[PDB]
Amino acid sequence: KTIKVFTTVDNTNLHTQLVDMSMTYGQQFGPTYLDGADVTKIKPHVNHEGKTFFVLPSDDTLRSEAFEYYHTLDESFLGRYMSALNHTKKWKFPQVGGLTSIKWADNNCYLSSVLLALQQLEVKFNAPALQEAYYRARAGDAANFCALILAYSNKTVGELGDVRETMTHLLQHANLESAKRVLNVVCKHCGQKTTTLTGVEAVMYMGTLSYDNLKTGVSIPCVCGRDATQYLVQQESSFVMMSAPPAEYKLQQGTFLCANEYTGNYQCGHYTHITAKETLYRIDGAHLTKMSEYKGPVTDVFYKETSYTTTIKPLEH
């Protein structure tokens, strides 16, 4: 006695399989999943005929497809994905201030923050799965997106986390090929020393929340004792994330796009999101608070951008 089922890795290619009812799925396809449920150990029922099954890639076609789907070489991705999905499917994703958030549960504030942030950024995801889940998230269904975020970050549900790290791990799979940043360092006698950065490295900074301070100058310790001045020469990208250790900072109306606040210590803390349009909107999970201006311990500030050139000029000393 046999049954006809389908096995897939990308939810696009459904590979026909004549499953043996005597043996379990585990003994045939390996670790299997039916709608997020691990049925690797249970044997095939007649009920399950015609249904689609999610497997780990075990041959060249499945490996190729799975890679083309997830843009990762790690074959264990699906496992963590489903493991997270089983939980994210339960989270509630209300619409707050024209954006999809998440009800506080399982320390998801940083996920909620990166989600809210991403919805306000102009970005393309290169991984089909991630892009689809992103669109679905913007629509209102963001369980799969969260699960994928957890998967790509090697973080499990419930774990506390850093918004910046997650943002990095995500933007890895974002389309920032044309994103270009060039900076310049100047000392007293060490002259001018320029640097070029691309991709994720061209839209991330960790040292100051202010975008202007990057254009004006930043005091960085140099070789010859005296502090050198670092300043942004050129920034060709859609947006810029400026981060720093959690510090008291005053947010103003027309100075940025959105930002993240982190209240607490390096032991345990809570994230809150700030987005600016008419007034300033503070999103705390499912809760919303309108505001005139925010003075608090903020860690990440996002700025919109197109193409920027400088006024600055060096002086060969």
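In case it trips you up, residue 1 is the first one in the sequence shown, and so on.
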| query | finding |
| --- | --- |
| Stretch with the greater mean C-alpha B-factor as recorded in the entry, comparing 133-141 against 232-240 | 232-240 |
| Residue stretch of maximal mean CA temperature factor, 300-308 vs 20-28 | 20-28 |
| Residue, from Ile283, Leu34, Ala259, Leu62, that the PDB entry assigns the highest Cα B-factor | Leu34 |
| Candidate set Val114, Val123, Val185, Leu73 [ranked by C-alpha B-factor, highest] | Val185 |
| Among modelled residues of the same chain, the CA temperature factor third for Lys193 | highest |
| Among modelled residues of the same chain, the CA temperature factor third for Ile42 | highest |
| Third assignment of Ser292 from its chain's C-alpha B-factors | highest |
| For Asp227, the third of its chain into which the C-alpha B factor falls | highest |
| Chain third (lowest, middle, highest) by recorded CA B-factor, residue given as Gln252 | highest |
